[PDB]
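Here's the structure we're looking at; comments come further down.
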Amino acid sequence: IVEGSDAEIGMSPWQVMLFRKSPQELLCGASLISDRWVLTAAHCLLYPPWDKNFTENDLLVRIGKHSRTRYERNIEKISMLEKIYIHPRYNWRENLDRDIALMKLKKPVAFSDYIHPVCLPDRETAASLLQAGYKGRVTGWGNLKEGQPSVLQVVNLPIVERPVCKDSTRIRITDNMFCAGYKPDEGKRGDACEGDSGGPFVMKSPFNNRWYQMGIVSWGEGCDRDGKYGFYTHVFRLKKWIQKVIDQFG
Amino acid sequence: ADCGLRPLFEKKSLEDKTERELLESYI
Amino acid sequence: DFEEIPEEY
Ligand SMILES: N[C@@H](C(=O)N1CCC[C@H]1C(=O)NCc1cccc(Cl)c1)C(c1ccccc1)c1ccccc1
Ligand code: NA
Ligand code: NA
């Protein structure tokens, strides 16, 4: 995360770390959406231009974390993967359209003060909150600039109007994405970056005071560049696929 | 059922340091 | 950078 700040303890208890078993390293962020389902970016698991194609047994899920590198005895929980599900129409070839993946855990994880699922938006929450100028929150252990943080970072970013998103980039944008961040004139800044991939963009509903995951950290050109924005998978637009997977294999 | 309610904040009626920034933007 | 994790996992 660029230009963010250290998270408070328990501030993002749905935060999940995707961890490579060998060598032991961070791979991506991710989120807890129930006691056995983790949500992330497809590109965290499958990105052939980088020779990335992970299978279940390559990975661990670490939940309840704060410190990036420390093993957080009696607090974090580490889970193995039963199954990875990637969107059948995920477009790694061109623009990361439908950049979304689910991971089913072998065993249920115990909720705790540091571990708790985030909500996924229904149509009305999506329509009310995904408005230009409304801010969300994104969290992660990725790069601090375009080194690495000691603990989970947080940054709040305003959603940006679709024409501005499109005009900032040469990439072909779709309805399955939204962009967020400050304009160069707005002063303030911040962005996701390398390693934040797959982590959640959340918003706190003023209707029921619950946190909803509206986006997934997906792509950006560099990090925290003036005139450029972070692009997030539009979780609501792909919810039917999410429900479908969970309904069928859960 | 209890998604989105953090044990250490919403469940205790404690606010984190910057969630009000989000509220104030929901205009 | 990373601290090793218990052998079990
Ligand atoms: N820089 C690329 C990118 O963001 N990628 C490559 C695959 C992994 C993804 C990535 O690094 N995501 C992490 C990230 C970084 C910063 C902000 C956010 Cl929100 C997320 C992006 C891109 C590449 C060239 C020119 C403009 C945009 C891209 C876009 C689509 C397809 C290929 C390349
Ligand atoms: Na453009
Ligand atoms: Na920017």
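Along the chain as shown, the residues are counted starting at 1.
So this one's X-ray crystallography, 1.7 Å, going by the header.
Every residue, even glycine, has its Cβ placed from backbone N, Cα and C.
Straight from Swiss-Prot, the features:
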{"type": "DISULFID", "residues": "A:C28-A:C44", "note": "disulfide bond"}
{"type": "ACT_SITE", "residues": "A:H43", "note": "active site, charge relay system"}
{"type": "CARBOHYD", "residues": "A:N53", "note": "N-linked glycosylation site"}
{"type": "ACT_SITE", "residues": "A:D99", "note": "active site, charge relay system"}
{"type": "DISULFID", "residues": "A:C165-A:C179", "note": "disulfide bond"}
{"type": "DISULFID", "residues": "A:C193-A:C223", "note": "disulfide bond"}
{"type": "ACT_SITE", "residues": "A:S197", "note": "active site, charge relay system"}
Query: If you check the recorded positions A:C28, A:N53, A:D99, A:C165, A:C179 one by one, which have a CB less than 6 Å away from any atom of ligand 1?
result: none
- prompt: Where does A:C193 (disulfide bond) sit in the DSSP three-state scheme?
  reply: coil
- request: May I ask you to report the DSSP-based helix, strand or coil state of A:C223 (disulfide bond)?
  value: coil
Under 8 Å by Cβ from A:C28 (disulfide bond), counting only residues of that chain that are 6 or more apart: A:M17, A:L18, A:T40, A:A41, A:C44, A:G195, A:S197, A:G198, A:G199
Task: Rounded to the nearest Å, what's the C-alpha distance separating A:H43 (active site, charge relay system) and A:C193 (disulfide bond)? Just drop the number here, would you?
output: 14
Statement: Unmodelled stretch of 8 residues flanked by A:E146 and A:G147; CA-CA distance (Å, integer) comes out at 9
Task: Take the C-alpha atoms of A:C165 (disulfide bond) and A:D99 (active site, charge relay system) and report the distance between them in angstrom, rounded.
output: 17
- request: Look at each of the recorded positions, A:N53, A:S197, and point out the one with the fewest other Cβ atoms around it within 10 Å.
  value: A:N53
